[PDB]
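Below: one structure, written as structure tokens.
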There are 2 protein chains.
Amino acid sequence: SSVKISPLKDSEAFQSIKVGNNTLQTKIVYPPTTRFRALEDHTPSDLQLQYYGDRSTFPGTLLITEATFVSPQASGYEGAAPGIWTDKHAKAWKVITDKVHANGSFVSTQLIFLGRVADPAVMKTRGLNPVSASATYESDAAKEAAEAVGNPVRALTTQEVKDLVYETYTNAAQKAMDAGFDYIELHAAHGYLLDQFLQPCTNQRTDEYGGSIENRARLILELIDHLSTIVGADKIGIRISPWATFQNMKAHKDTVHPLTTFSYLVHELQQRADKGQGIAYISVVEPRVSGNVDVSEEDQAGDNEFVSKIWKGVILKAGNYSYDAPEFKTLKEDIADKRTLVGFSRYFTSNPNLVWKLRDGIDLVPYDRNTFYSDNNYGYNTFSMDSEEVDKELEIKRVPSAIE
Amino acid sequence: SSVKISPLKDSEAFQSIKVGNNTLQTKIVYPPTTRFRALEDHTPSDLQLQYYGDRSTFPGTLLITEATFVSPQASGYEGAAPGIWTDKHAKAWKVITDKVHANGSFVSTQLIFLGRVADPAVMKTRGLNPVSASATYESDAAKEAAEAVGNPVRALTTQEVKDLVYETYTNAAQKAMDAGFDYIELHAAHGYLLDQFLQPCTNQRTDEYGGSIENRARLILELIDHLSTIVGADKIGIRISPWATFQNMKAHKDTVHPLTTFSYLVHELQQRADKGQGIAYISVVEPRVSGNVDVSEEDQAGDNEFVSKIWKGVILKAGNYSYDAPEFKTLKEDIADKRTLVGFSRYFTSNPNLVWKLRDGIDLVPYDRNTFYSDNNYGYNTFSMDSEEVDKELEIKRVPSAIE
Ligand SMILES: Cc1cc2nc3c(=O)[nH]c(=O)nc-3n(C[C@H](O)[C@H](O)[C@H](O)COP(=O)(O)O)c2cc1C
Ligand SMILES: Cc1cc2nc3c(=O)[nH]c(=O)nc-3n(C[C@H](O)[C@H](O)[C@H](O)COP(=O)(O)O)c2cc1C
Ligand SMILES: Oc1ccc(Cl)cc1
Ligand SMILES: Oc1ccc(Cl)cc1
Ligand code: NA
Ligand code: NA
Ligand code: NA
Ligand code: NA
């Protein structure tokens, strides 16, 4: 059903805010949203160019790209997700960032590394194993699938971890700059690689990268520090989902509670800020959502207040913010401190002009879960067309093609 | 009466355009509009800071400041107009440009030099004469007023003309950069100094700066060339009013027709553009308006088509654009070539959110000529308040004060 909403025009959501070196004119953000409309070699597509373009029209909006692979070893989806490790990737992304910039808006690329959840068959075709902090699986079924194709998950060696910092993420960061991205965002959420390092259920290492809270965080902070020297701290963000149980993270049931793990990390980030190396923003997933799954209040084991108490900089929050529409009471409380951005993922898929809709209180078009992850233009760029001009069968046939 | 208008949202007026090194998100511009709310020593005021601030809220709008004196010799108004020749001027203007920039918008400062119309009593207090290309007056009454105070107008010497280029305008340009202006605009319109040099009714010099079309244009093009090396051509604009008879310019009745004078100038500018030194924009006053005076179609002796035929770059047109409201037929024709901006001066005085009003077709608030040039806040910043919250008598008493 369509969502009735009150206008946010006169609210804090339309007061400017400096994020790193850029100033946003709205605090409404499009968070990273995997859609699988890249090309098969992971170069961004014609569809993506229009998709991000359509969402940049309120000048000074921040868009954050869908999860984007830092390297071949970082991949592992069956669907076609984009990458940022070759010149070809960067050149195509640049067409997209150019287009977003021409509307006066900004773009962060979220750098992902799948880790233990990488599809073992997909990785095998690259001649690679699924890798992680430790040799674990998100489920018995995951274990069986990998062993069935003779491609079991394996713990990265200490040298391989070093290579992530000085090769994989370094090159990705450089390509991202070539591609004209305003920020790079470390994906440390939702049970992917960096989250796997952070929490004890997924990291039982006995080298310097595991065995204590501090050691588990070491890789992430090494990435922060090293990439800060490469691109500048002002071009860096990071996403965490302290409460999420997506991809079998134990969260509040782990042997170390998320409040401990993530307060450690956030306080280390603030100490860097106190030294003049403060990153641009911390992105946090509100406990209403775990990955792409809504969570009942009964199952919510905590909140993200600690992030606001410990970190003094910009925070981006996302997770079913329309749950108290039309009045947006929570959203309004959350942005009242004047350093908080609010993200809408799902509704941005069906409302390319979402910032405008929220500004003037225009009914939201419902989203279509059925077409979140399909391989063609239907349910993708079709939301920018008038309903009656859409040729469904043609659009289902429209797969991603090269930009121009 | 309020002006009914149709929405311009879907029109060319809300397509982005690069002007010099910046990209505007609207083609609606606020043209230079003298209001006399500066401080008495010509430092910009608290009132001005809010005034320009209020007009910058549609992100990516270009604002052009009211005429701003390049030097003491450039002044000559009884009212309090701003300057840009001291550090104090620049520091105060910087607070204003900072504020406009924080909304994602841009600002050009129009650099004026009064010349032969400078008030002789005002100039006398500075120990200066009114100066010009030649010793002429706009009227017999002007002549009598100057001679009565023993301060007659005098022709600048050749060396003084050189000083304009390498001292007066150079310093003004440098202060403007210190002040964070995105552009500087040479005021070559409305019978002020540069216009006085351009046209034969006001320039009868026998040195290199007069005696032919080419010589009369020499100063202006010397300014263009020299300031291009100082601030970059991309930060330069110029205003001309070929058809205007403001301050007794003969225009179509002069011994050289404006089509000749101004086509010469514009073609020289384009030749600079062909060499990679193209200035940011040419601002032209449409023949519907002469200075601040509306002109009947009967008295219109020509149009500005020649500017579009000769110049390939950005053009800004202004002059009673609402005359064919609500449909805006002329405005729409004029911006159809995709390189043209359209300016609204008078309606911007009474509608600080004019870009927003034009975007969504909101009735325009009528302007108040009575308070165009008065010395206090009434009829100035009061248009940003709700009608019933305005304490008239208090506001009439509110004169400009120091920023903070
Ligand atoms: C289809 C879909 C794809 C998503 N892809 C990503 C992603 O690539 N990276 C990420 O950090 N979160 C991803 N998310 C999670 C969202 O960014 C977001 O946090 C979540 O959907 C809650 O916000 P919402 O209620 O406005 O949708 C995705 C969510 C959905 C529904
Ligand atoms: C009160 C007032 C002050 C003005 N000041 C300037 C000025 O300082 N410099 C300038 O080039 N034109 C000035 N103009 C002329 C305007 O920029 C503009 O060209 C004219 O008003 C026509 O546009 P409009 O019909 O939208 O008002 C002024 C006009 C008015 C009415
Ligand atoms: O972190 C992520 C990444 C992809 C998806 Cl579909 C959901 C969450
Ligand atoms: O060029 C100008 C300058 C000031 C005024 Cl009021 C009108 C026109
Ligand atoms: Na735009
Ligand atoms: Na908050
Ligand atoms: Na703003
Ligand atoms: Na035109």
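Order of the sequence lines sets the chain letters (A, B, ...), proteins ahead of strands, with each chain counted from 1. Computed from heavy atoms alone, side chains included, the values below leave out hydrogens, waters and symmetry copies. In listed order, ligands and their atoms are each counted from 1.
- Of the heavy atoms in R35(A), none comes closer than 4.0 Å to ligand 1.
- Proximity of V100(A) to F106(A): side-chain heavy atoms (C-beta onward) are nowhere separated by under 4.5 Å.
- The environment of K99(A) atom NZ is sparse: at most 12 non-hydrogen atoms of other residues, nucleotides or ligands sit within 6.0 angstrom.
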>> Run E12(A) and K27(A) through salt bridge (charged side-chain N to carboxylate O under 4.0 Å, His left out) and show every step you take.
In response: CA-CA 8 Å; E12(A) 188 65 35; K27(A) 299 188 153 93; 2.8 Å; yes

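- Using a 4.5 Å cut-off on side-chain heavy atoms (C-beta onward), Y380(A) and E395(A) make no contact.
- Of the protein's non-hydrogen atoms, the one nearest atom 1 (C) of ligand 1 is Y373(A) OH, 3.1 Å.
- In this structure, the ring of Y77(A) has its center less than 6.0 angstrom from the ring center of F36(A).
- Checked against a 6.0 Å centroid threshold, the rings of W93(A) and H89(A) do not count as neighbours.
- For atom 8 (O) of ligand 1, the nearest non-hydrogen atom of the protein is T34(A) OG1, 2.7 Å.
- Not a single heavy atom of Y321(A) sits less than 4.0 Å from an atom of ligand 1.
- For the Na ion (ligand 5), the set of protein N/O/S atoms nearer than 3.0 Å consists of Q25(B) OE1, ordered by chain and number.
- The closest approach between any non-hydrogen atom of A189(A) and ligand 1 is not below 4.0 Å.
- Taking only non-hydrogen atoms, the option from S345(A), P32(A), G343(A) nearest to atom 14 (N) of ligand 1 is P32(A).
- Looking at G291(A), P31(A), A318(A), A67(A), it is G291(A) that brings a heavy atom closest to atom 15 (C) of ligand 1.
- Remark: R288(A) qualifies as a cation-pi partner of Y323(A) under the 6.0 Å distance and 45° angle criteria applied to the six-membered ring.
- Distances from atom 19 (O) of ligand 1 to the heavy atoms of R288(A), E286(A), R239(A) put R239(A) nearest.
- Both tests hold for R55(A) against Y51(A): distance to the six-membered ring centre under 6.0 Å, angle to the ring axis within 45°.
- Comment: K317(A) engages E286(A) in a salt bridge, judged by a side-chain N to carboxylate O separation of less than 4.0 angstrom.
- Annotation for ligand 1: atoms under 4.0 Å from non-hydrogen atoms of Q110(A) are 7 (C), 8 (O), 9 (N), 10 (C), 11 (O).
- Proximity to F372(A) (heavy-atom distance under 4.0 Å) selects the following atoms of ligand 1: 1 (C), 31 (C).
- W243(A) and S290(A) are not linked by any side-chain donor-acceptor pair at a separation below 3.5 angstrom, with hydrogens and angles left out of the test.
- A distance of 14.0 Å separates OG1 of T65(B) from OH of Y183(B), quoted to the nearest 0.5 Å.
- Counting heavy atoms from C-beta outward, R359(A) and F14(A) have side chains that approach closer than 4.5 Å.
- Close contacts of ligand 1 with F344(A), meaning ligand atoms under 4.0 Å from a residue heavy atom, involve 26 (O).
- Close N/O approach between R346(A) and ligand 1 is found [any backbone or side-chain N/O within under 3.5 Å].
- In this structure, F113(A) has its ring center at least 6.0 angstrom away from the ring center of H187(A).
- Checking only distances, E66(A) never comes within under 3.5 Å of ligand 1, N or O to N or O.
- On a distance-only criterion, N292(A) and ligand 1 share no N/O pair closer than 3.5 Å.
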